[PDB]
Each structure stands twice: as C-alpha cells, then as structure tokens.
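Novice: Turn this into a model:
(chains A and B, ligands or ions: 2)
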There are 2 protein chains.
Amino acid sequence: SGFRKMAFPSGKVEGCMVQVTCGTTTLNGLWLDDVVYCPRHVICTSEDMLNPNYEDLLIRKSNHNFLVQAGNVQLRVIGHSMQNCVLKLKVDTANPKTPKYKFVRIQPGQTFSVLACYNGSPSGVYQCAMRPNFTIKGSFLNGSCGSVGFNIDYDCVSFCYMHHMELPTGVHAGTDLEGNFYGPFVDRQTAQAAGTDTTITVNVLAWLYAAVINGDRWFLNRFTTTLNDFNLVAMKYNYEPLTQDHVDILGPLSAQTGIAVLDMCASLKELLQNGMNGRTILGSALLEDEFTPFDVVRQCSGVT
Amino acid sequence: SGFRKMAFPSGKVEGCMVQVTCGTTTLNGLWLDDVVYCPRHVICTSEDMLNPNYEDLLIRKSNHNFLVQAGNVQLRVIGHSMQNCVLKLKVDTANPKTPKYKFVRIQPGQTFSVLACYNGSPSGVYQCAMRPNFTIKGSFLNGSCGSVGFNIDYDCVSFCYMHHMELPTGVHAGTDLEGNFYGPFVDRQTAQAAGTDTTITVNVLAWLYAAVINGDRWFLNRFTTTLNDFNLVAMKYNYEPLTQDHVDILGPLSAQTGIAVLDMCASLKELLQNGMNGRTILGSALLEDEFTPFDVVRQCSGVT
Ligand SMILES: Cc1cc(C)cc(CC(=O)Nc2nncn2C)c1
Ligand SMILES: Cc1cc(C)cc(CC(=O)Nc2nncn2C)c1
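Specialist: Numbers count the residues shown, from 1 in each chain, chains lettered A, B, ... in the order given. Ligands and ions are numbered 1, 2, ... in the order given. Below you will find the coordinate block:
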C-alpha cells in the first residue's frame, strides 16, 4: 500500500539523450535509430527569438553546423530537415541503445513522465499531466529544451512530448515528436495566452478511488448524485464535465472498490462544496488531478 | 522555472535489478559487481514471518536454492552469507552494468529516490524522505521487497535504502545496504511502534525559498523571529527544532534570495499559526517537507 506520484523508470530514455549545439545555442536532442530530434529554435540566437523566420535561419546552416554529442562521443550529421517545430538530424550511426519506441500525440488530461536534461545529461524525472489547456506545469530552466515526455508499456517507450518553451506565466509548452505544438503556442518570444484551464475530473475521481484502496476513506458519504447534477457543480468549480466515457474508464476502480462512480461523484461534490476542513487525502490537502484511472490501476497492481 | 518533486534518473539502478527466488518467495535483488544483495526474509514463508529464526532458516538453504535471474538470464550462485537483515549472494559473474557506487547510511530528514520493482523489473521511480521516525511513506505492494533507495552525484550512485516491509500502519521500513534497519524495526510480522514523527523544518524552509525563487511570494511578511521563539512554535506544531546547523545549510538560499533565514522562519511561523487560508504554494495546500536545501539548490540550478 501507499500511493505516490510515480514516474516511469527513465533508463530507456536516458540512453537516447544527446547534446545539440548550433552556433551559440545548446539544447537536448533525442537520438532514436539514425535520427536526432530537437527543437528547431536551436538555430536561433535570443535576438532571433522575438520573431524568427525559421526557414531563412535554417538555410544558413549546414550539416557541419549541428554539433551532436552523445555523452563524450561526437555524431556525424549527414542530413537535416525541419518538420513543423522540430529539426531531424540524420546521423551516420544508429543509436545502439534505441529502445522499442513509438511517437504518440497524447490527449489533454493524460499523464506522462518527463526526463529533465541539461547539455544532453539527465538531471531528474517527474510525472505530470498535459493540462486541459495543453500546457504542462514542469520544472525547466534554460538549456532544458529538447527534454522529452513519455510513457512505457512493458518494453516500448511512447514519446509524447518535447519541451520547447516557458510561457511568460511560468507554465510550459512543447510539441509532439512530429514538431506539432500542443495548444495554440508558437516557438516565438511573444505574449501567448494559455486558455482557461480546468481540473481533470476523471483523474480526481481515479485518485479518490486510489485513496479508498489505500485506506483514506473519511470523504465517503451517504449521498449519490447524477451526471447532470454533478456537472452543475463541476461547472461552478472549473472542473471538466464528466461524461459516460469517463464513467466507463472508471469501471475497473468502481468494480474493485464496490463504490459506484456516481457515489464517488457525490463525495467529490461534497469535497468541492465544503473543502477538506483541514484534513488530507493521500498526503495532499487539495484534490489531485495528475493520476489517470490507468495510472491508479497500474500503481495499485504493480505493473512493470 | 517551476518546481517539481523530482527523482534521480533511474537508469544506473535499473541495470542492477535482479529477481531472487528462494523456495516459494520471490523478491528483488541488487546486483553490484559479483554480489546480489536482497532482504533476508526471501528465505521465509509467510508462516515463518511471525517469529523467524533466520540463522536456522538459512542453514537449510544452499547456493542452488537461491534462484537469481537478471532479466531473462540465470546467475550462478557460488556463495551466500547473511549480514544483519540482508543476504549477500556471491555470483560467478560481475554485473557489466555496475555503475560507480557507494553504500551510505542517510540521516533522518534526508531525501532519496526509490525505484519500485516487482519480480526484478522496474515499475516506477519516486522521490521521498526518510522520516524523522525512520519510516518512509512509499508505494510498495507484495513483491516490492528488495527495491532500493538512492542518490546520484554525477556518475556515482549512493545506495541508502533497501525495502523490507510495511508496518501495520501502512508506512514502510527498510535497511541500509549493510542490512541495518533504519529505526527500531525488526523483520518480523509483529506489532511495531513507529515513533512520533515530526515535520522536517529545515526542508519546509528550503521549499519556501524554492517557492520565492519560482514566484510564489504571498506568504512573505513584515516580521522576523528568533531561533528560540520559532522553536516554541515548532514545538507546538510538531516540527523539528531548528538549529544553527540548519540555518547554516540554508545559507546559499538565503544569499540567493536576499531573505534572512529568521525572516523566512517568521513566514513559516505565520503559516503554522494561520494556515494557508485556501491558498497554495508551489501547487501544494500543505507545507512540503520532502525537499532538502541541497535538493532545492540542485533543482534551481539544473545539476545533471
Ligand atoms: C527567448 C525564447 C523564446 C522561446 C519561444 C523559447 C525560448 C527557450 C525557453 O523559453 N526555454 C525554457 N525552458 N524552460 C524555461 N525556459 C526559459 C527562449
Ligand atoms: C508477513 C511479512 C512480514 C514482514 C516483516 C515482511 C513482509 C513483507 C512485506 O510486508 N512487504 C511489503 N512491502 N510493501 C508492502 N508489503 C506488504 C511480510
């Protein structure tokens, strides 16, 4: 028992991190097979970032201008191309440590682990959620760009995120591995509105089930609710509307605990309307939304 | 910017995990050089665990009874010995993936990453603190025993913890890598009092400095305090007494932010006496004590 904000073991991803330098900018790259993927802003100086013409900036660069180092060994760049906001640097050597992998575009509300890196070296790993507004609340300093987000299903790493920037508000924006930004964000140093964010209702409910499984039960009540009634409360408190698809995904947790999803919704309703009253759930004094129903099942069953 | 409960990259430790089976019990082992380290209770059946005579149980076991598998390959056991609560299984092959390592005994209040494993396979990684009462609040199910805690300084892994058991209260107990339990705990299925726990004051102050660095400043006030006055408040709220050694370790964070340690203590005093008033600090609605001053400096500077 016990429930923690657990990240995936990062080893398979650590073996893919490289340092990419172009001119005076250094950031991280992801080496999979004979291709290194990195944010295209590696070709910019901070001066260019105000309004960069990436096509023009990339034309002034040749394969020999992209310095790729994997630990202490230099990779020979034999091709370069821009795909959306990522550069793909073809190298003459396939990464011997390339794990089985996929590139996936996750949905808002889904979770993933981030391996924060600097100069191609791993600094740490943490679990986070893609917010409903397509930002992430990470921990990224200058040089962290190119650090990636991922999930792991047994031996296959699904890469879902590459870090590109910090918004003026301190939240983080990035792309899938085809270079497409999550959200309306552009790789330009400009005012960028992240939309209104909401709490991931299905995740909070999943976390309440994890709390019951692990012994924290004080919030369970004698009430029930309907999806319509619950959604009027979810609206007031800036929670995502709960759908039958969300109830269906909570099925296994409802079956394991014997607590009907709408009964757990009534507990969540009372917690929203009355607060925690100075009490905690799984060591938290707020309603946690960074665990999906899949994460709860995985952690509660010990999937490796 | 941003501040997360970051774990160390687990790759170097993942390469050391093996599965150890003895009779009908399977748990995790740590393979470093030609030695596999695992909890000695691998030789017990649940029946033995009520009051085990480990010396007698181990005498009935031979090298061929310890089945050690590293992924899918079998290791040949050529020696076995018990050191405190750990078994050391000498194998005929040195782990090719053995990183530079040390065995260290951490102090209460210090933090480390745990690589949770099942059947010798990694499931996830999370950061936690050794509580002042020498327990840890982890996430461990049946089969997680032998999972280890560690810190990493550049290329050297300092192993500090090996998981052994869950107390009847749901908190976790384990040993250093020489098999010595942290705390008064015994590897026996019996009633075991974990002492009174307290909040790690120096860590909360370190986390308040991290909050100021990352923009969360609402808690800063016009007050100061003394170590004596602060400790009267720390006593009332079950916080560890702050010492000059703790103030000295907070030195770098005080210098970086320009906020005197006793001024930050006055903010902490007001937060203890008045609460958060429904506000948050770094995404938390409680005072976080699982970040040491070293962790804050490391994360705020991007150490790899
Ligand atoms: C001027 C400029 C403009 C853009 C669009 C991107 C960057 C990189 C960046 O913000 N990186 C970073 N990652 N975490 C925190 N920070 C500061 C820089
Ligand atoms: C009966 C008995 C007695 C002892 C002293 C140890 C064990 C292993 C154990 O408790 N392992 C475990 N690790 N996380 C959660 N749990 C249940 C079993």
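Novice: residue in the stretch 201-304 of chain A nearest to ligand 2?
Specialist: residue A:302 (9.7 Å; Cβ to the nearest ligand atom). (Each C-beta comes from the backbone N, C-alpha and C, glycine too.)
Novice: count of neighbours near residue A:278?
Specialist: By the measure other Cβ atoms under 10 Å in any protein chain shown, the count of residues near residue A:278 is 9.
Novice: repeat for residue A:94
Specialist: 12.
Novice: measure it to ligand 1 for me?
Specialist: Using Cβ to the nearest ligand atom, to the nearest Å, residue A:94 is found at 29 Å from ligand 1.
Novice: isn't that residue right up against residue A:16?
Specialist: No. The criterion here is Cβ atoms under 8 Å, and residue A:94 misses it with residue A:16 at 11.6 Å.
Novice: Which helix or strand contains the residue of chain A most remote from its centre?
Specialist: No residue in chain A sits farther from the centre than residue A:222, which is 36.3 Å out by Cα atoms, centre = their mean. Here residue A:222 is covered by no helix or strand, with elements defined by DSSP states H and E.
Novice: For the closest residue to residue A:142 other than its chain neighbours, the count of nearby residues, please.
Specialist: Spatial nearest neighbour of residue A:142, excluding adjacent residues (Cβ to Cβ, 6 or more residues apart in numbering or on different chains): residue B:302 at 7.9 Å. With neighbours defined by other Cβ under 10 Å, the count for residue B:302 comes to 19.
Novice: Please name the residues that touch residue B:302.
Specialist: Contacts for residue B:302 (Cβ atoms under 8 Å, 6 or more residues apart in numbering or on different chains) come out as A:116, A:118, A:123, A:141-144.
Novice: how close does it get to residue A:276?
Specialist: Note on residue B:302: its distance to residue A:276, by Cβ to Cβ, to the nearest Å, is 34 Å.
Novice: cool, residue A:170 as well?
Specialist: Taking Cβ to Cβ, one finds residue A:170 at 26 Å from residue A:276.
Novice: Ok, residue A:245 next?
Specialist: In terms of Cβ to Cβ, residue A:245 sits 28 Å off from residue A:276.
Novice: I'd assumed residue A:172 was in contact with residue A:163.
Specialist: Yes. With contacts counted by Cβ under 8 Å, residue A:163 reaches residue A:172, the gap being 6.5 Å.
Novice: Identify the contacts common to these two.
Specialist: A:138, A:140.
Novice: Please, where are all the helices along chain A?
Specialist: A:11-14, A:54-59, A:201-213, A:227-236, A:244-249, A:251-257, A:261-274, A:293-301 (DSSP state H).
Novice: For these, give me TSV that also has distance to residue B:76 and mean neighbour count.
Specialist: Below are the helices of chain A laid out as TSV (distance: least, Cβ to Cβ, whole Å; neighbours: other Cβ atoms under 10 Å in any protein chain shown):
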stretch	distance to residue B:76	mean neighbour count
helix A:11-14	25	24
helix A:54-59	55	13
helix A:201-213	40	23
helix A:227-236	59	15
helix A:244-249	46	14
helix A:251-257	41	16
helix A:261-274	51	20
helix A:293-301	33	19
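Novice: Which of the contacts of residue B:302 fall in strands?
Specialist: Members of the contacts of residue B:302 lying in strands (criterion: DSSP state E): A:116, A:118, A:123.
Novice: So what pairs up with the second one in the strands?
Specialist: I take that to be residue A:118. residue A:121 (DSSP bridges).
Novice: And for it, the neighbour number?
Specialist: If we define neighbours as other Cβ under 10 Å, then residue A:118 has 24 of them.
Novice: From residue A:150, how far out is the nearest residue to residue A:278 once chain neighbours are set aside?
Specialist: Spatially, and ignoring its direct neighbours in sequence, residue A:278 is nearest to residue B:275 (7.4 Å; Cβ to Cβ, 6+ apart). Plainly put, residue B:275 is 38 Å away from residue A:150 if you go by Cβ to Cβ.
Novice: residue contacts, the residue of chain A found nearest ligand 2?
Specialist: Residue nearest to ligand 2 within chain A: residue A:1 (6.2 Å; Cβ to the nearest ligand atom). Counting by Cβ under 8 Å, 6+ apart, residue A:1 touches A:213-215, B:139-141, B:166, B:170.
Novice: Now the buried members of these.
Specialist: A:213-214, B:139-141, B:166 (16 or more other Cβ atoms under 10 Å in any protein chain shown).
Novice: residues from the stretch 101-250 of chain A in reach of chain B?
Specialist: A:115-119, A:121-126, A:128, A:137-144, A:166, A:170-172, A:214-215 (Cβ under 8 Å from any Cβ of the partner chain).
Novice: hey, what's residue A:181 bridged with?
Specialist: Beta-bridge partners, per DSSP bridges, of residue A:181: residue A:175.
Novice: That one and residue A:163, how far apart?
Specialist: Distance from residue A:181 to residue A:163, by Cβ to Cβ: 11 Å.
Novice: what residues do these two have in common as contacts?
Specialist: Counting by Cβ under 8 Å, 6+ apart, the residues touching both residue A:181 and residue A:163 are residue A:174.
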